[PDB]
Amino acid sequence: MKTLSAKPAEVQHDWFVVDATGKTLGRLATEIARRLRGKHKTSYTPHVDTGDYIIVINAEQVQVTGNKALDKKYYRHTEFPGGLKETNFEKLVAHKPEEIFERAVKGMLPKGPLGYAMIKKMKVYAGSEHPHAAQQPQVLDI
Amino acid sequence: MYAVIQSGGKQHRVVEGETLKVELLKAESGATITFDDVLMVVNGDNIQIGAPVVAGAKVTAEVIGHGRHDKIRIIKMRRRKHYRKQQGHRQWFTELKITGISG
Amino acid sequence: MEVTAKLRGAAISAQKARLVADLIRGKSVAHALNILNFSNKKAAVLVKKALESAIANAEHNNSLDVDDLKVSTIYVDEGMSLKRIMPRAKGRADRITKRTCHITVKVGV
Amino acid sequence: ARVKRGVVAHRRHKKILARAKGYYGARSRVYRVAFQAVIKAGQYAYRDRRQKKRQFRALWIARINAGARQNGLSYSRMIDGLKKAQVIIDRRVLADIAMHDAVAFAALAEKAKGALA
Amino acid sequence: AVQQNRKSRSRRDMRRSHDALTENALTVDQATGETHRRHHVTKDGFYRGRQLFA
RNA sequence: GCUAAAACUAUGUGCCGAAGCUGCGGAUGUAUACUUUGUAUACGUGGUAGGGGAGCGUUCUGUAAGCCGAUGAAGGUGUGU
RNA sequence: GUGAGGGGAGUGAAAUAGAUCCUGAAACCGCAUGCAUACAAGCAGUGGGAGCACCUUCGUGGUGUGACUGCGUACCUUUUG
C-alpha cells in the first residue's frame with residue numbers, strides 16, 4: 001500500500017481563463033479536457049477529481065477548417081416518432097455558442113458521475129466578459 | 001534522509017525506523033542485513049543518484065521474523081464442461097526494521 | 001424497565017394489525033388510547049385490549065404512575081394458521097389460509 | 001449400516017452461506033443462488049489478480065508523464081534518457097518521488113536530459 | 001397474464017410505502033370536558049351545549 | 001473530433017503494449033547421480049469423452065469391563081486458528 | 001365479556017420444562033441500533049478506494065458500512081456452435 005491516492009479534501013482547484021479567438025475547435029477541446037480531468041498533475045488519481053476550473057471567453061470566434069462551417073451537422077432526437085432535429089455549425093455558433101463547446105468537451109470526458117462532476121468546472125461565455133472576477137482567474141494560453 | 005534499495009526482485013524507498021515486509025530471506029531472527037547496492041540517497045538538498053549504484057552508501061536493517069500472509073483461494077471453472085478445481089495459498093515473507101542509512 | 005403484555009392467537013392478519021401498531025408506536029398512553037377509541041379499524045379493539053392490560057400490569061404489579069407512561073415498544077408477529085378448502089368451478093379445489101397474530105406491547109416511563 | 005446425511009449436509013451448506021455474507025437478496029439467503037455467486041466471485045478474483053498489475057503500472061506511467069512534462073520532457077524521452085544514463089530505478093519509485101518530492105524528480109529529469117544531450 | 005419473475009421483498013415494501021394510516025380530528029368539548037370527534041355529537045348525547053337525551 | 005492532419009506514400013529515432021520471456025519466493029510429476037536417504041541437477045505441470053494414481057469425511061463390528069463425561073456428552077449457534 | 005390471552009405470586013434442579021409442553025436448524029415474517037441511499041442506466045460481483053460509527057494494545061490495528069472508479073451478458077443439459 002505504498003502508492004497513495006489523492007484525498008478529495010486536500011485537492012486544490014485553480015482558476016484559468018482562455019480566449020478562443022482564432023483557435024481550432026478540437027485542438028482547443030483536447031487541452032481543455034486534459035486540464036479539466038487533471039492529467040497535468042503528479043497527484044493524478046483515476047477515481048478522484050483533481051482538475052482545474054477553465055473559463056472560456058469569445059466563444060463565438062472559434063473556427064473549423066475545410067467546409068465544416070456549412071457541412072458539419074448536429075442532430076438530436078425528441079423521442080416522438082419522426083422527431084429528428086438537425087442543424088449545422090454556422091447557425092449553431094451564432095445561436096448558442098456554449099453548446100458547441102459542451103458537445104466537444106463532453107465527447108472527450110468520461111461517461112459517468114465523475115465525468116458529470118468534471119464538466120461542471122467549465123464556464124463558457126460568448127462575449128469578452130465573465131462574472132467570475134472574485135475568483136481571480138489567471139490567463140492561460142493553450 | 002531516505003534511500004532506495006533492492007530486495008526480492010523489487011525496489012523499496014525507506015527511511016530510518018521503518019518496518020517493511022520483503023520476500024523470504026535465509027537470515028535468522030535478530031541478525032543484521034546490510035545493503036550495499038543503494039540506488040539513491042536523498043537528504044533535503046543533497047541528492048545522490050547512482051549510475052547503477054551509489055558508491056560507499058550503506059543501509060543496515062535488523063531481521064524481526066518470518067511469517068505467512070493471509071490465505072488466498074484459487075478457483076477455476078469451465079461452464080457446461082464438467083470441470084472444476086480449487087486450491088489455497090499463503091505466501092511467505094520476512095520482516096525488516098531499518099536501523100541505519102548512510103550516504 | 002418496561003412492563004409487557006401479550007395477546008396471542010388474535011384472529012386477524014398481522015399485516016392488517018401492523019397498520020394500527022405503527023399508528024401508536026412511540027406515543028403517550030393517553031394519546032394512544034384516544035386514537036384507538038376513535039379508530040374504526042377492527043385491529044384497534046385488540047390493540048386497545050393489549051394496551052390496557054399492559055397499563056394495568058404496570059400500575060398493579062410494579063406500582064408505577066400512569067401519567068408518565070409511554071408506548072416504548074410494540075410489534076406484531078405471525079401466529080398459527082388454519083387450513084380450509086374452497087371449491088371452485090369445474091371440480092377444482094383451492095386452499096384457504098386463515099391467519100392469526102400475536103401482539104406484544106411494552107410500556108415504560 | 002444406514003447412514004443419515006443431515007449433519008454433514010448442513011455443515012456444507014452453512015459454510016457456503018457463511019462465505020456468501022453481504023450479498024443482495026437471495027444471493028445471501030438461498031443455497032442455490034449463493035453457491036452460484038461464490039464460484040463467480042472466485043473466478044473474478046483470479047482474473048483481477050492479473051489485472052491489478054497492469055492497472056497500477058498505468059497509474060505510475062501517468063504520474064511520471066505529468067512530472068516529466070512539468071520539467072520539460074515527455075515520458076518516452078525521459079525513460080530513454082534514464083536508460084542511456086544507466087539509472088535503473090523502477091516506475092513505482094519514480095512515481096512515488098514524482099508525487100512527494102519535486103526537487104528530486106527535477107534532479108532525475110536533469111540527469112536524463114543531460115544523457116540525452 | 002402473470003408474472004415471469006417473482007417480485008422481491010424490496011419492491012413489495014416499496015409498493016406498500018403508501019399504506020400508512022392517519023389520525024382523526026379530535027377536540028375537547030368545552031361544555032362537558034370530554035374528548036369527542038370534531039363536529040360530532042358526543043357518546044352521551046351532547047353537542048354545543050344542547051343535550052339530545054333526557 | 002481531425003485538413004503544411006489526428007489522412008495517404010517513404011525513411012528514421014523513442015515509447016506503450018499479453019497469463020509470451022526475464023527477476024524473486026513457493027508446490028508438484030518423471031529421469032540421472034547421492035551408491036537408504038529426501039537430497040541436488042535436467043526436463044515438464046491448459047484440457048471434454050476416457051484411462052491411471054493417492055486421499056477426506058459419514059454409520060456399524062473388534063481393539064473397548066479400556067479412555068472422555070453433571071466440575072456438563074451428542075446436537076444447535078458464534079469466534080479464533 | 002365470570003371469554004381467549006397475559007402479568008404477578010407459588011411448585012420445581014430447570015417454567016424461554018406450563019399442557020400439540022426434551023432439543024428447536026432452514027426457507028419465510030417483525031422490532032431495534034450503525035453506515036449508505038431521492039441527477040442516476042444493465043447477471044448485482046470483483047480489484048482499488050475517501051469518509052463515517054464503535055472498539056482499541058492508540059496502530060502501518062479490529063469490526064460494520066461503501067461515495068467514486070477499471071473489468072465483467074447466471075447454472076445444468078444437449079450440441080458444429
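Below, all heavy atoms of this structure are taken into account, side chains as well, without hydrogens, waters or symmetry copies. Every chain is numbered from 1, with letters handed out A, B, ... down the list of sequences.
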Which residue, C:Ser53 or D:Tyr44, contacts RNA chain G at a nucleotide closer to its 5' end, judged by nearest heavy atom? C:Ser53
State whether B:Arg80 places a side-chain N or O below 4.0 Å from either non-bridging phosphate oxygen (OP1 or OP2) of G:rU78. no
Does a side-chain N or O from B:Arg79 land closer than 4.0 Å to OP1 or OP2 of G:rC75, or not? yes
May I ask you to verify if any side-chain N or O of B:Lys81 is less than 4.0 angstrom from the OP1 or OP2 atom of F:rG47? no
Is B:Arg68 touching bases, backbone alone, or none of the nucleic acid, heavy atoms closer than 4.0 Å? nothing
Proximal nucleotide (of G:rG48, F:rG1, F:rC15) relative to the D:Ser76 side chain: F:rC15
Side chain of D:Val8 - closest among G:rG49, F:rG1, F:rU58: F:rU58
Cation-pi, B:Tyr2 ring and B:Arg13 (6.0 angstrom, 45 degrees): yes
What integer number of Å spans the P atoms of F:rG50 and G:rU77? 12 Å
Stem finding on RNA chain G, please: runs of three or more consecutive Watson-Crick or G-U wobble pairs, both distances under 3.5 Å, sorted by first number. G:45-48 with G:68-71, G:51-55 with G:61-65
Applying side chain to side chain contact (heavy atoms under 4.5 Å, CB included) between D:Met78 and each of D:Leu73, D:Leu116, D:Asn71, report the one that passes. D:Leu73
Could you tell me if the side chain of C:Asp65 sits less than 4.5 Å from the side chain of C:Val109, heavy atoms only? no
What's C:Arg8 touching, base or sugar-phosphate or nothing? Going by heavy atoms closer than 4.0 Å. sugar-phosphate
Selection from G:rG47, G:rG7, F:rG78 that lies nearest to any side-chain heavy atom of C:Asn61: G:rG7
I want to check one thing: is the phosphate of G:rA27, taken as OP1 and OP2, less than 4.0 Å away from some side-chain N or O of D:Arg29? no
Contact class for A:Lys2 (heavy atom, under 4.0 Å): base, sugar-phosphate, or nothing? nothing
Within the 4.0 Å heavy-atom criterion, would you say D:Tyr23 contacts the bases, only the backbone, or no part of the nucleic acid? sugar-phosphate
Validate the cation-pi geometry between D:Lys40 and D:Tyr44: distance from NZ or CZ to the six-membered ring centre under 6.0 Å, angle to the ring axis within 45°. yes
Using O4'-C1'-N9-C4 for purines and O4'-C1'-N1-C2 for pyrimidines, with syn meaning within 90° of 0, is F:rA5 syn or anti? syn
Taking the nucleotide of RNA chain G with the closest heavy atom to each, which residue, A:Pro46 or B:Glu18, is nearer the 5' end? B:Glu18
Taking only the side-chain heavy atoms of D:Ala41 (C-beta and beyond), determine which of G:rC29, G:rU46, G:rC75 contains the nearest atom. G:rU46
Round to a whole Å and report the spacing from NE2 of C:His102 to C1' of G:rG6. 13 Å
Do you know which two heavy atoms are closest between C:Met1 and C:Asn62, and how far apart they sit? CE-ND2, 3.6 Å
With a cut-off of less than 4.0 Å, is there a side-chain N or O of D:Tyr24 near OP1 or OP2 of G:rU37? no
Ring centres of B:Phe93 and B:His66 under 6.0 Å apart? no
Taking the six-membered ring of D:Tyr46 as reference, does the cationic atom of D:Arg50 (NZ for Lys, CZ for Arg) lie under 6.0 Å from its centre and within 45° of its axis? yes
So, OP1 or OP2 of F:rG46: does either fall under 4.0 Å of a side-chain N or O from B:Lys76? no
Using OP1 and OP2 only, check whether a side-chain N or O of D:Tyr75 sits under 4.0 Å from F:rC16. yes
Which value, in whole Å, describes the distance between the P atoms of nucleotides G:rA13 and G:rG5? 28 Å
With RNA chain F as reference, determine whether B:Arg78 or D:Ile61 sits nearer its 5' end, using the nearest nucleotide of each. D:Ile61
Give a yes/no on whether any side-chain N or O of D:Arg57 is located under 4.0 angstrom from OP1 or OP2 of G:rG70. no
So what does E:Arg9 hit on the nucleic acid, given a heavy-atom distance under 4.0 Å: a base, only sugar-phosphate, or nothing? sugar-phosphate
Within the pair B:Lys71 and F:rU81, is there a side-chain N or O less than 4.0 Å away from OP1 or OP2? no
Closest approach to the side chain of C:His60, judged atom by atom: which nucleotide of G:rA44, G:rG7, G:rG47 is it? G:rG7
Mind checking whether F:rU13 and F:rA42 form a Watson-Crick or G-U wobble pair, both distances under 3.5 Å? no
Is it true that A:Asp49 and A:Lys121 have a side-chain N and a carboxylate O under 4.0 angstrom from each other? yes
When every non-hydrogen atom of A:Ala29 is compared with those of A:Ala104, the smallest separation belongs to CB-CB, 4.2 Å
Please confirm whether the shortest side-chain N or O distance from B:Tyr83 to OP1 or OP2 of F:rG47 is below 4.0 Å. yes
From F:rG1, F:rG26, F:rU3, nucleotide with atom closest to B:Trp92 side chain: F:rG26
When you get a sec, tell me which of F:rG25, G:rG7, G:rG45 is the closest nucleotide to the side chain of B:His89? F:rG25
Proximity to the side chain of D:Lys40 - top-ranked nucleotide from F:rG78, F:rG26, G:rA44: G:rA44
Does a nitrogen or oxygen in the side chain of A:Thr65 sit under 4.0 Å from OP1 or OP2 of F:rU3? yes
Please verify, for F:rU48 and F:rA7, whether Watson-Crick or G-U wobble pairing holds with both distances under 3.5 Å? no
Distance between the P atoms of G:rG61 and G:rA50, in whole angstroms? 12 Å
Ignoring backbone atoms, test whether D:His10 places a side-chain nitrogen or oxygen under 4.0 Å from the OP1 or OP2 oxygen of F:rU77. yes
Are any of D:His13's side-chain N or O atoms less than 4.0 Å away from OP1 or OP2 of G:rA26? no
Could you measure between the two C1' atoms, the one in F:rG75 and the one in G:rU23, and give it in whole Å? 8 Å
Evaluate the base stacking between F:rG53 and its strand neighbour F:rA54 against centres under 5.5 Å and planes under 30°, returning yes or no. yes
Salt-bridge criterion met for B:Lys97 and B:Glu62 (N-O under 4.0 Å): no
Of the listed nucleotides G:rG51, F:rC15, F:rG1, the one nearest the side chain of A:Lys7: G:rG51
Looking only at side-chain N and O atoms, does D:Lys4 come under 4.0 Å of OP1 or OP2 in F:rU59? no
Whole-Å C1' distance, G:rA67 and G:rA36: 8 Å
Please determine if A:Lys73 forms a cation-pi arrangement with A:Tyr75, meaning its NZ or CZ atom is less than 6.0 Å from the six-membered ring centre and no more than 45° off the ring axis. no
Partner of F:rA74 under the Watson-Crick or G-U wobble criteria, both distances under 3.5 Å, comes out as none
Evaluate F:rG44 against F:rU28 for Watson-Crick or G-U wobble pairing; both distances have to be shorter than 3.5 Å. yes
Indicate yes or no: at least one non-hydrogen side-chain atom of A:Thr3 is less than 4.5 angstrom from one of D:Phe56. yes
Do F:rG46 and F:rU9 pair up in this structure? I mean Watson-Crick (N1 to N3 plus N6-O4 or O6-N4) or G-U wobble, both distances under 3.5 Å. no
Go ahead and name the base partner of F:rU39; Watson-Crick or wobble counts if both distances stay under 3.5 Å, otherwise write none. F:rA33
Which nucleotide sits closest to the side chain of D:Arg54: F:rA19, F:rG25, G:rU69? F:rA19
